[PDB]
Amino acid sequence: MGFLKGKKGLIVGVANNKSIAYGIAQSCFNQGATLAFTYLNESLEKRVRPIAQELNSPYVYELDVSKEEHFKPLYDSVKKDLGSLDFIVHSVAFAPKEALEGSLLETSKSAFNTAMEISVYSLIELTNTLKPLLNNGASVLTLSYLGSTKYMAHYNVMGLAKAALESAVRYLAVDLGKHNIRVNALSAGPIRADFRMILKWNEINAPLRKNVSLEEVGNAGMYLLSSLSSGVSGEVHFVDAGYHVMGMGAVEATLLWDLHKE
């Protein structure tokens, strides 16, 4: 029954058991996948290793995507331990906290470059590094957010990065489709300051009147990584309780948001 029975996958971006990458990894494990994990540094190694064992994986590799010299060891590790890969989860996004404040206009060039390098270029370098180990039918998944194509408060440069990221998905889908490899983006809604407001705005205004769970994001990701979605590539797939369809605030005509004030 397992939709990834016997398929090998690399999970990049687990920070703890609430990480999107962990939800996806857990659903993939439940579908029979053979998993491997990366960790950013020694601090996150303390969280990734127990998670990896939780999910039956002894394959745990150091990868700081900002360090070019990490990629060639990763390749070697994967080749020695797994031999090949059937899927990659790329769940990596970072901007300086300050660039996530105020206005886009005040973004520094260094903050811009860091956001673009970590959030966008790392998908290129990761896929190019592992590109020879990918089996026929392999699937590469990255993560995105509605701020790529609409204005959302408190996104700023991350909105630029995610837009480029979704564009990269399209180009990579063409690059890798020649070899029957798929590339997709999962555009997730927020999962339970500014975050509490966006959570509540999504909860009040989404068609399903709820925030998505980590499990729902993980199951959608597993679907995109599995052969169930072998006809799907270059897709930006919204897992957001329907929020993306809303052109305005939801109403009952008074805004539901206003009813919530009593």
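The first residue of the sequence shown is number 1, and the count goes up from there.
Chemist: In this entry, is the chain continuous from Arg192 to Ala193, or are deposited residues missing in between (none, 1 to 3, 4 to 9, 10 or more)?
Modeler: Unresolved stretch here: 4 to 9 residues.
Chemist: May I ask you to compare 80-88 and 165-173 by their mean CA B factor in the entry and name the higher one?
Modeler: Per the PDB entry, the higher value belongs to 80-88.
Chemist: Where do the C-alpha atoms have the higher mean temperature factor in this entry, in 24-32 or in 40-48?
Modeler: Here the higher of the two C-alpha B-factor means belongs to 40-48.
Chemist: Considering only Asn156, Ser122, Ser148, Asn184, which residue's Cα atom bears the greatest B-factor as recorded?
Modeler: Reading the PDB entry, the winner on C-alpha B-factor is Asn156.
Chemist: Per the entry, which of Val140, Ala188, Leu130, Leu104 tops the list for Cα B factor?
Modeler: Answer, based on the entry's C-alpha B-factors: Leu104.
Chemist: Would you please rank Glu215 by its C-alpha temperature factor against the other modelled residues of its chain and give the third it falls in: lowest, middle or highest?
Modeler: CA B-factor rank for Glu215: middle third.
Chemist: Divide the modelled residues of the chain into thirds by Cα B-factor and specify which third, lowest, middle or highest, holds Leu199.
Modeler: For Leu199, whose C-alpha B-factor we compare with every modelled residue in the chain, the answer is the highest third.
Chemist: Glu235's Cα B-factor: lowest, middle or highest third of the chain?
Modeler: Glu235: CA B-factor falls in the lowest third of its chain.
Chemist: What third of the chain does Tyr223 rank in for C-alpha temperature factor, lowest, middle or highest?
Modeler: As the PDB entry reports it, the C-alpha B-factor of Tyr223 lands in the lowest third of its chain.
Chemist: Taking only the Cα B-factors deposited for this chain, tell me whether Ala115 sits in the lowest, middle or highest third.
Modeler: According to the entry, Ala115 has a C-alpha B-factor in the chain's highest third.
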